[PDB]
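Here is the structure we will look at.
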Amino acid sequence: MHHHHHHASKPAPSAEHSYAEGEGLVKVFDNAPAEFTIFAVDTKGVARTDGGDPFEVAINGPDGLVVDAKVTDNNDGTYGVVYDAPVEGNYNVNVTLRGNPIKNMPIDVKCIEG
């Protein structure tokens, strides 16, 4: 298994070295919850070799719709995220890594009340 906890220390994810992808960064709905994936590297260019780094996918919708998209480790150097949209409108997404910011953010994603 490539992703494994060998030892009691961990390298850190980085701004050049974490990037995310899928349906939950294109289109999101009411009764269809949406999903996408965090693709993390510390620095060593190969995927992250062990899990449970801390992340945040904190998002604003129109006015009062302050949301965070829930993160779960896949155990392979990636993370599934999920979130859902009450509204015809737009979500505004910011990701963060041990509560420290990164490149290419915030970004935007169409919400529809399906």
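By convention here, the chains of the structure tokens are called A, B, ... in the order presented, each chain's residues are numbered starting at 1, and ligands are numbered starting at 1 in the order presented.
The residue set within 12 Å of residue 114 (chain A), counting only C-alpha atoms and dropping same-chain residues fewer than 2 places from it, reads residues 27, 28, 29, 30, 31, 32, 33, 34, 84, 85, 86, 87, 88, 89, 110, 111 and 112 of chain A.
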**Request:** Assign secondary structure with DSSP using the backbone only, and return the residues of region 27-87 of chain A in strand (DSSP E) as a list in words.
**Result:** residues 27, 28, 34, 35, 36, 37, 38, 39, 40, 55, 56, 57, 58, 59, 60, 66, 67, 68, 70, 71, 72, 73, 78, 79, 80, 81, 82 and 83 of chain A
Selection file, N, CA and C atoms, as a compact mmCIF listing (two decimals), in the first residue's frame:
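Everything below was put into out35.txt:
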# COMPACT_ATOMS: atom_id res chain seq x y z
N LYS A 27 -20.82 22.11 -10.45
CA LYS A 27 -22.26 22.18 -10.36
C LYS A 27 -22.74 21.51 -9.09
N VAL A 28 -23.68 22.09 -8.35
CA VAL A 28 -24.10 21.67 -7.03
C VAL A 28 -25.59 21.91 -6.88
N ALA A 34 -23.16 17.24 -4.06
CA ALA A 34 -22.04 17.24 -4.99
C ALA A 34 -20.71 16.95 -4.32
N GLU A 35 -19.73 16.41 -5.05
CA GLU A 35 -18.46 15.90 -4.61
C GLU A 35 -17.31 16.29 -5.53
N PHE A 36 -16.10 16.48 -5.00
CA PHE A 36 -14.80 16.60 -5.65
C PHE A 36 -13.65 16.22 -4.74
N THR A 37 -12.42 16.20 -5.29
CA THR A 37 -11.24 15.57 -4.71
C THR A 37 -10.02 16.46 -4.49
N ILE A 38 -9.52 16.48 -3.25
CA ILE A 38 -8.22 17.08 -3.04
C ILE A 38 -7.03 16.22 -3.42
N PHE A 39 -6.10 16.63 -4.30
CA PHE A 39 -4.91 15.97 -4.74
C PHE A 39 -3.61 16.60 -4.29
N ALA A 40 -3.12 16.12 -3.14
CA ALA A 40 -2.08 16.63 -2.27
C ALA A 40 -0.71 15.99 -2.48
N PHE A 55 -7.42 20.16 6.66
CA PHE A 55 -7.88 20.95 5.53
C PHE A 55 -9.13 21.75 5.89
N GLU A 56 -9.52 22.76 5.12
CA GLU A 56 -10.81 23.43 5.12
C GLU A 56 -11.25 23.89 3.74
N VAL A 57 -12.53 23.78 3.43
CA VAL A 57 -13.21 24.03 2.18
C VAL A 57 -14.38 24.93 2.52
N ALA A 58 -14.01 26.10 3.04
CA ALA A 58 -14.95 27.08 3.53
C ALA A 58 -15.51 27.99 2.44
N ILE A 59 -16.82 28.21 2.36
CA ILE A 59 -17.47 28.65 1.15
C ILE A 59 -18.51 29.71 1.51
N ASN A 60 -18.73 30.72 0.67
CA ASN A 60 -19.87 31.59 0.81
C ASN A 60 -20.81 31.38 -0.37
N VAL A 66 -23.28 30.66 4.56
CA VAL A 66 -21.91 30.43 4.97
C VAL A 66 -21.75 28.93 5.21
N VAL A 67 -20.96 28.23 4.39
CA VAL A 67 -20.94 26.78 4.39
C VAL A 67 -19.49 26.31 4.53
N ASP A 68 -19.24 25.14 5.11
CA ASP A 68 -18.03 24.41 4.79
C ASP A 68 -18.36 23.03 4.26
N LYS A 70 -17.36 19.29 3.65
CA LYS A 70 -16.84 18.30 4.58
C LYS A 70 -15.83 17.39 3.91
N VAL A 71 -14.69 17.19 4.59
CA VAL A 71 -13.53 16.55 4.03
C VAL A 71 -13.43 15.17 4.66
N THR A 72 -13.06 14.24 3.76
CA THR A 72 -12.77 12.88 4.20
C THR A 72 -11.64 12.31 3.36
N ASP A 73 -10.61 11.81 4.06
CA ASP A 73 -9.45 11.17 3.49
C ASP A 73 -9.82 9.89 2.74
N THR A 78 -5.31 11.45 -1.63
CA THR A 78 -6.43 12.30 -2.02
C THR A 78 -7.54 12.30 -0.99
N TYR A 79 -8.46 13.25 -1.13
CA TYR A 79 -9.50 13.50 -0.17
C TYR A 79 -10.81 13.74 -0.92
N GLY A 80 -11.84 12.93 -0.65
CA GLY A 80 -13.20 13.29 -1.05
C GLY A 80 -13.83 14.35 -0.16
N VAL A 81 -14.45 15.35 -0.79
CA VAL A 81 -15.29 16.40 -0.25
C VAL A 81 -16.72 16.35 -0.76
N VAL A 82 -17.64 16.75 0.11
CA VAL A 82 -19.05 16.85 -0.23
C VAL A 82 -19.69 18.15 0.25
N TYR A 83 -20.58 18.70 -0.58
CA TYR A 83 -21.45 19.79 -0.19
C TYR A 83 -22.64 19.94 -1.14
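Checking A:2, A:7, A:103, A:98 one by one against residue 49 (chain A), counting only C-alpha atoms, you find the shortest gap at A:2.
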**Request:** Could you please determine the separation between CA of residue 41 (chain A) and CA of residue 104 (chain A) in Å, to one decimal place?
**Result:**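 Separation between CA of residue 41 (chain A) and CA of residue 104 (chain A): 16.0 Å.
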**Message:** At a cut-off of 8 Å, using only C-alpha atoms, what residues contact residue 42 (chain A)? Leave out same-chain residues fewer than 2 positions from it and give the result as a list in words.
**Reply:**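 So the residues in contact are residues 11, 12, 13, 14, 17, 40, 44, 45, 47 and 48 of chain A.
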**Asked** In Å, how far is it from CA of residue 99 (chain A) to CA of residue 46 (chain A)?
**Response**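 Separation between CA of residue 99 (chain A) and CA of residue 46 (chain A): 22.8 Å.
Across the structure, CA of residue 25 (chain A) and CA of residue 108 (chain A) are spaced 7.5 Å apart.
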**Message:** Taking 5 positions as the minimum chain separation for residues in the same chain, which residues sit within 12 Å of residue 9 (chain A) when counting only C-alpha atoms? Answer as a list in words.
**Reply:** residues 49, 50, 51, 52 and 53 of chain A
Kindly export the residues of the current selection with C-alpha atoms, as a compact mmCIF listing (two decimals), in the first residue's frame.
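Below is the file out.txt, written as the result:
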# COMPACT_ATOMS: atom_id res chain seq x y z
CA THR A 49 2.20 8.84 1.51
CA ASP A 50 -0.07 9.04 4.68
CA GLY A 51 -3.47 10.46 5.62
CA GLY A 52 -5.25 12.86 7.95
CA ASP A 53 -3.58 16.18 7.09
**Prompt:** Any idea what's packed within 7 Å of residue 61 (chain A), counting only C-alpha atoms, ignoring anything in its chain fewer than 3 positions away? Could you give it as a list in words?
**Reply:**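 That gives residues 65, 66, 90, 91 and 92 of chain A.
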**Request:** Pick out the closest residue to residue 69 (chain A) from this set: A:19, A:95, A:106, A:54. Count only C-alpha atoms.
**Result:**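 Using only C-alpha atoms, residue 69 (chain A) sits closest to A:95.
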